[PDB]
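Engineer: After the structure tokens below, expect a handful of questions from me.
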Amino acid sequence: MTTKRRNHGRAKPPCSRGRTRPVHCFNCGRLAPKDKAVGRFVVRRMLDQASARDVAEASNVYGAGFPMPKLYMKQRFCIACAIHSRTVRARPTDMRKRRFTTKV
Amino acid sequence: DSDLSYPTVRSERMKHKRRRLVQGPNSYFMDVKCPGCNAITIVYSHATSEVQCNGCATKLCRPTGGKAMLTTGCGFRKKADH
Amino acid sequence: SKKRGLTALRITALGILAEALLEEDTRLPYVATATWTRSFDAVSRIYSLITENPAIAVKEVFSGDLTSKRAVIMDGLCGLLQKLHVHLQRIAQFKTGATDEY
Amino acid sequence: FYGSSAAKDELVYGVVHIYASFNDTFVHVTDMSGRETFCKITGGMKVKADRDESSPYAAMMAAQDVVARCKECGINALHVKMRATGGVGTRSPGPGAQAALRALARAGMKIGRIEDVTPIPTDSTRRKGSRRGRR
Amino acid sequence: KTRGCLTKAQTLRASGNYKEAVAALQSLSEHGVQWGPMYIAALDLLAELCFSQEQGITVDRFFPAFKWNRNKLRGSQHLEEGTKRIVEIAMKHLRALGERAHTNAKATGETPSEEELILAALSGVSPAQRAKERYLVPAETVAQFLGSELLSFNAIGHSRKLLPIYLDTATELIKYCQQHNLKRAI
Amino acid sequence: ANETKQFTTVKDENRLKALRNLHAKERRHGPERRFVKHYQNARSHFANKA
Amino acid sequence: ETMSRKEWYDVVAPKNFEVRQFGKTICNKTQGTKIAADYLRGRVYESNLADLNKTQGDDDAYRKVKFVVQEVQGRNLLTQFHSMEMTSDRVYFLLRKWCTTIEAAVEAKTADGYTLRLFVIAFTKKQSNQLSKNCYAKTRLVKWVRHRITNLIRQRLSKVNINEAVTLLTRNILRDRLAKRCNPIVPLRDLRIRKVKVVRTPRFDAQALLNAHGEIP
RNA sequence: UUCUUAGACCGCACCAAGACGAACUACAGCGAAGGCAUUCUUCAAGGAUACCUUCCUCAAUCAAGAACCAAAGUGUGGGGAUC
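Protein chains in written order, with the deposited numbering: chain t, 1 to 104; chain S, 5 to 86; chain C, 206 to 307; chain v, 9 to 143; chain 8, 6 to 191; chain A, 52 to 101; chain W, 22 to 238.
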């Protein structure tokens, strides 16, 4: 029917680029362009708060104020995959048009 | 204020050189003396070549950029536009 | 400079080498010691060539004045030696007599 | 017992490879080279059920019976290397860790220098599945 | 967090390459072992040792070390000891430097030759009695600077139990001056 | 110039500068004025605040 | 079982590294015509840095230093440097978005037969008064860095021998001399040596080996 | 379903083969479009800017005609790791 976004769900304006590379979803292995796919960056604890105490206790290096390793990765979700897992949600047709830069 | 047949200073001096009501140049000439001789050569501000000192040869400029840049130790007066 | 056994331009080649090395430095500014000597040495070797087998001055072109040869021509004359005199004064002029440099 | 002739009551480190996946856990134990082993005990063995191989109970019930050997070999302390399913498989690990580690540490082993060593490709060919994914 | 460094400093001075030891001391400032020392004093000694190679130390870059050392906490009975130790190393080094300078002056100049003699002869108006004093003016400058900073208050003293140090330092400083030459200052 | 220089640091807050101000061998002498001021920079050794 | 036939040994490291032993290992008996002594050689080992070496080691724990066995002697095992490395987790801390990245792979030679590769990495840095959210470099800028990197790591290590070399990398002596040249080409936030690797090795010797361990505990 | 005491799976070291170039990678860049991401060397090109340079309407658009064109397909030979 209409147009629901000015962008067209992309980070590509016209008269700029023809094709941007496809990429492989974190979940089901679907594909979509880099621009369409939703990026996030995780910064994920190796262990729980609970668990970390019960390890650091024994440990000869950890819990001196020396921090225990964390796991870093990036994740690129498909549109269906995203909305499913509730990374992103449907929003009013007044709050649909909003941005938050890259700041978390 | 600011008639378009009689503009100020500000409302000209900014603008690109074809977008004035005059369409003047943007450049000038100069005189230049080398340490190695007594001469005056007459040199172009946006020279866009290496120019050998009149009666000598050593190069008074480098052709570099959109504005050419004098070889070191050579003194330079300017000239009129009129 | 060594060419292949000749010494014709060798003379010209050694000439430009001394003149180029002496000028460049980019600090602090000035030159000292090693870099000052690697122009002096060249000038002495040039003078040796001039003394000896020369005069005679052949292949390419030689003169002496005016057009281009050109440290050769400035060593005519001897503006080249003048540039060594200038630069030595410079070195001295900055460092105050104390340590062994003097 | 078959333990070290070196020292007494002074730490002897082994290396422990904790393989986490969604369909199994492993615990494995080696010296430092990894050319020689001491244990190779897997979550699966401690359960009878395909379903419950990877669930946290299984993991812990391996880890116990690993340290039940390692002590006799004279391994006091450990160094621990945590791994996830594959390079074209998931960077995220299974739920078989936060199980494993929290057993070992309270089994009277020491711990130091936990690491994450897992395959990360510079690039790969194709992930298994299709353009439309599993659906 | 004191060994992984001292060793680094050792590499930068013992092979000669040579501003590196000073860089290492700067890197060394706490965290993480500010008053154990258990060798903080030892690290300090290595830094003090470096006088005079040009540039890069001239040892007017010292001074941060005194401020750092200390360098809390003093919740123990080592505050006095620490203050005494820093002063002692500085004084010992100062004496050594002075001794070297004196020896050099005494040595060459009577005698000459050939280079000293040529300089004197030149124009140059001058003995080597006169010329050799070149050592001394720098030596005086280093001493003067150290005194000028040392006695002002990070050092510190001042307490019932900390101020009685301060007078000793002054005595060491001044008695040393009386030996030699000098003096604009203190 | 600046390599041989270190830091921000003049010769000096406080007494030293006054001592050099004091006299000349040219013009202005010698002793002129006595300061009673002194300055030393000191603060707690942590990183923003204690 | 198997455990009956198991022996024990102790690894040793060069005298570059302060703490000479750092491990204890296992192996079989020399019974059979196998001779287990053979199979102690061509092994490899993994120690952390600041563990193998003192003590400690500042913000150095992430790096991995790895060895081989060149020669068995006694119940000791003697070694030589093989690769130096780093943890994964580390790198991604120092990697950020809205900045450039640079990567270089050197080929270097010692003064011996050893021939090496030093992987590097660096990142641009915003100016302190900058009001722009780009930090991005041109192309010429980039290339210069990687030029003036390769050159230096081939000029210092050319006239420096094997044990003489490793002591630079471990302590991060190189990083100093590198970055302090680099910076006025374009500002750098970090330079690191991401990984180090050995390609071609000189042929076996007894003396050059033993002279690099000195006393053997 | 499938693979294993003929030692699977797992751990370490090394070798082989084919494909691909993560994160950095963006409401960013280049190309007439389709399209194009490791590094170094090399080969010819193109756009913008700067000029008191040269020439003096040589231009715009476009049936016919011609060149180029994602992926899938057809033929001949080669390769064959992944899907």
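Ideal Cβ positions, reconstructed from N, Cα and C, are used throughout, including at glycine.
Output yes if chain 8 places a C-beta closer than 8 Å to the C-beta of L67 (chain A); else output no.
Structural biologist: Along the sixth sequence, one-based indexing puts residue 67 (chain A) at 16. Cβ-Cβ to chain 8 under 8 Å: yes for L67 (chain A).
Engineer: Would the stretch 110-126 of chain W count as touching the stretch 90-101 of chain W if we require 3 or more Cβ pairs under 8 Å?
Structural biologist: No, the stretch 110-126 of chain W is not in contact with the stretch 90-101 of chain W.
Engineer: Kindly list the residues whose CB is nearer than 6 Å to the CB of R175 (chain W), restricted to its own chain and excluding five residues on each side of it in sequence; keep chain order.
Structural biologist: Indexing the seventh sequence from 1 puts residue 175 (chain W) at position 154. The residues are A129.
Engineer: Quick one, which of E25 (chain 8), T113 (chain 8), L187 (chain 8) has its alpha-carbon nearest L189 (chain W)'s?
Structural biologist: Locating residue 189 (chain W) in the seventh sequence gives position 168, where the first residue counts as 1. Measuring from the Cα of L189 (chain W), the nearest candidate turns out to be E25 (chain 8).
Engineer: Compile a chain-ordered list of the residues in the stretch 115-126 of chain v whose CB is closer than 8 Å to at least one CB of chain t.
Structural biologist: If the cut-off is 8 Å between Cβ atoms, the stretch 115-126 of chain v has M117, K118, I119, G120, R121, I122, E123, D124 near chain t.
Engineer: What residue from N60 (chain t), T2 (chain t), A90 (chain t) has the CA that sits closest to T76 (chain W)'s CA?
Structural biologist: The sequence position of residue 76 (chain W) within the seventh sequence is 55, counting from 1. Cα-wise, what sits closest to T76 (chain W) is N60 (chain t).
Engineer: According to DSSP, is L31 (chain t) helix, strand or coil?
Structural biologist: For the purposes of this step, residue 31 (chain t) is taken as residue 31 along the first sequence, with counting starting at 1. Strand.
Engineer: Of all the residues that make up the stretch 85-110 of chain W, which are near chain 8 by a beta-carbon distance shorter than 8 Å?
Structural biologist: Answer in chain order: no residues at all.
Engineer: Could you say if the stretch 162-175 of chain 8 and the stretch 85-95 of chain 8 meet the contact criterion of at least three C-beta pairs nearer than 8 Å?
Structural biologist: The answer is yes - the stretch 85-95 of chain 8 touches the stretch 162-175 of chain 8, with three or more Cβ pairs under 8 Å.
Engineer: Could you tell me which residues DSSP puts in a beta bridge with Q94 (chain W)?
Structural biologist: Locating residue 94 (chain W) in the seventh sequence gives position 73, where the first residue counts as 1. In the DSSP output, where bridge partners are listed per residue, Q94 (chain W) has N97 (chain W).
Engineer: In this structure, does DSSP put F86 (chain A) in helix, strand or coil?
Structural biologist: For the purposes of this step, residue 86 (chain A) is taken as residue 35 along the sixth sequence, with counting starting at 1. Three-state DSSP puts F86 (chain A) in coil, outside helix and strand.
Engineer: Taking DSSP as the reference, what is the three-state secondary structure of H25 (chain v)?
Structural biologist: By one-based count along the fourth sequence, residue 25 (chain v) stands at place 17. Strand, per DSSP.
Engineer: With 8 Å set as the bound, which would you pick, yes or no: does the beta-carbon of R139 (chain v) sit closer than that to a beta-carbon of chain t?
Structural biologist: Position 131 of the fourth sequence, counting from 1, holds the residue named residue 139 (chain v). It does: the Cβ of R139 (chain v) has a partner Cβ on chain t nearer than 8 Å.
Engineer: I want to verify the contact list: residues of chain t whose CB lies under 7 Å from the CB of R135 (chain v), in sequence order.
Structural biologist: For the purposes of this step, residue 135 (chain v) is taken as residue 127 along the fourth sequence, with counting starting at 1. Per Cβ cutoff of 7 Å: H24, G29.
Engineer: Nearest-angstrom Cα distance between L31 (chain t) and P64 (chain v)?
Structural biologist: Counting from 1 along the first sequence, the entry for residue 31 (chain t) is found at position 31. Counting from 1 along the fourth sequence, the entry for residue 64 (chain v) is found at position 56. Whole-angstrom Cα-Cα distance: 33 Å.
Engineer: Work out the CA separation of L219 (chain C) and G281 (chain C) for me, nearest whole Å.
Structural biologist: Position 76 of the third sequence, counting from 1, holds the residue named residue 281 (chain C). Position 14 of the third sequence, counting from 1, holds the residue named residue 219 (chain C). Taking the straight line from one Cα to the other gives about 15 Å.
Engineer: Which parts of the stretch 67-132 of chain v are runs of the alpha helix (DSSP H), unbroken and 4 residues or longer, counting only runs that do not cross its ends?
Structural biologist: DSSP runs (the alpha helix (DSSP H)) wholly in the stretch 67-132 of chain v: 108-112.
Engineer: For a contact defined as C-beta to C-beta under 8 Å, what are the partners of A297 (chain C) on chain 8?
Structural biologist: Against the third sequence, residue 297 (chain C) aligns to sequence position 92. Per Cβ cutoff of 8 Å: no residues; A297 (chain C) is ~13 Å from chain 8 at best.
Engineer: May I ask you to report which of helix, strand or coil DSSP gives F245 (chain C)?
Structural biologist: Position 40 of the third sequence, counting from 1, holds the residue named residue 245 (chain C). The answer is helix: DSSP assigns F245 (chain C) an H, G or I state.
Engineer: So, at 7 Å on beta carbons, what are the nonlocal neighbours of residue 245 (chain W) in its own chain, with the 5 sequence-adjacent residues on each side left out?
Structural biologist: With chain W covering only 22 through 238, there is no way to say anything about residue 245 (chain W).
Engineer: Looking at C-beta atoms only, is the number of pairs between the stretch 212-229 of chain C and the stretch 240-249 of chain C that lie closer than 8 Å three or more?
Structural biologist: Flag = yes, the stretch 212-229 of chain C and the stretch 240-249 of chain C touch.
Engineer: Judging by CA-CA distance, which residue of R6 (chain t), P22 (chain t), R40 (chain t) is the nearest neighbour of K103 (chain t)?
Structural biologist: Reading the first sequence from its first residue, position 103 is the one you call residue 103 (chain t). Among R6 (chain t), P22 (chain t), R40 (chain t), the Cα nearest to that of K103 (chain t) belongs to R40 (chain t).
Engineer: With a CB to CB cut of under 6 Å and the five nearest residues on each side skipped, what residues in its chain are close to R66 (chain S)?
Structural biologist: Here residue 66 (chain S) corresponds to residue number 62 of the second sequence, with the count starting at 1. Only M73 meet the Cβ criterion.
Engineer: With a threshold of 6 Å on Cβ separation, who are the neighbours of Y62 (chain t) within its own chain once the five nearest residues in sequence on each side are excluded?
Structural biologist: Locating residue 62 (chain t) in the first sequence gives position 62, where the first residue counts as 1. Only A56, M68 meet the Cβ criterion.
Engineer: In chain v, what lies closer than 9 Å to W119 (chain W) by C-beta?
Structural biologist: Start at 1 with the first residue of the seventh sequence, and residue 119 (chain W) comes out as number 98. The premise fails here: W119 (chain W) is roughly 23 Å from chain v at the closest Cβ pair, so nothing lies under 9 Å.
Engineer: Name the chain W residues whose beta carbon is nearer than 8 Å to that of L47 (chain t)?
Structural biologist: Here residue 47 (chain t) refers to the residue found at position 47 of the first sequence. Per Cβ cutoff of 8 Å: no residues; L47 (chain t) is ~13 Å from chain W at best.
Engineer: Beta-carbon of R139 (chain 8) versus every beta-carbon of chain A: anything under 8 Å?
Structural biologist: Position 134 of the fifth sequence holds residue 139 (chain 8). So, not an interface residue.
Engineer: What residues from chain v crowd round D79 (chain W), counting only those whose CB sits closer than 8 Å?
Structural biologist: Sequence index remark: in the seventh sequence, residue 79 (chain W) carries index 58 (1-based). Correct list: empty, because the minimum Cβ distance to chain v is about 16 Å.
Engineer: Along chain t, in chain order, which residues have C-beta atoms closer than 7 Å to that of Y113 (chain W)?
Structural biologist: As a position in the seventh sequence, residue 113 (chain W) is number 92, starting the count at 1. The answer, in chain order, is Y72.
Engineer: On the premise that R76 (chain t) lies in contact with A37 (chain t), defined as a C-beta separation below 8 Å, what is that separation, rounded to the nearest angstrom?
Structural biologist: As a working mapping, residue 37 (chain t) is identified with position 37 in the first sequence. As a working mapping, residue 76 (chain t) is identified with position 76 in the first sequence. Contact flag correct, Cβ pair sits at about 5 Å.
Engineer: In the structure shown, what three-state DSSP assignment does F34 (chain v) receive?
Structural biologist: For this step, residue 34 (chain v) is matched to residue 26 along the fourth sequence. In this structure, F34 (chain v) counts as strand in the three-state DSSP scheme.
Engineer: Give, in chain order, every unbroken run of the beta strand (DSSP E) that is at least 3 residues long and sits entirely within the stretch 24-84 of chain S.
Structural biologist: Segments of the beta strand (DSSP E) lying fully in the stretch 24-84 of chain S: 33-37, 45-48, 79-82.
Engineer: Just checking: is the beta-carbon of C10 (chain 8) within a distance shorter than 8 Å of some beta-carbon in chain W?
Structural biologist: On the fifth sequence, position 5 is the one that residue 10 (chain 8) refers to. Output row for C10 (chain 8): interface = yes.
Engineer: Could you check where the beta strand (DSSP E) with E67 (chain W) kicks off and where it finishes?
Structural biologist: By 1-based counting over the seventh sequence, the position of residue 67 (chain W) is 46. Element bounds for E67 (chain W): 65-69.
Engineer: Please report the distance separating the alpha-carbon of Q184 (chain 8) from that of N232 (chain W).
Structural biologist: Working through the fifth sequence from its first residue, we reach residue 184 (chain 8) at position 179. Working through the seventh sequence from its first residue, we reach residue 232 (chain W) at position 211. Straight-line Cα distance between these residues: approximately 51 Å.
Engineer: Take the Cβ of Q101 (chain W) as the centre, count every other Cβ of all protein chains shown within 10 Å, and call the residue buried at 16 or more, exposed below.
Structural biologist: Taking the seventh sequence and counting its residues from 1, one reaches residue 101 (chain W) at position 80. So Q101 (chain W) ends up on the buried side.
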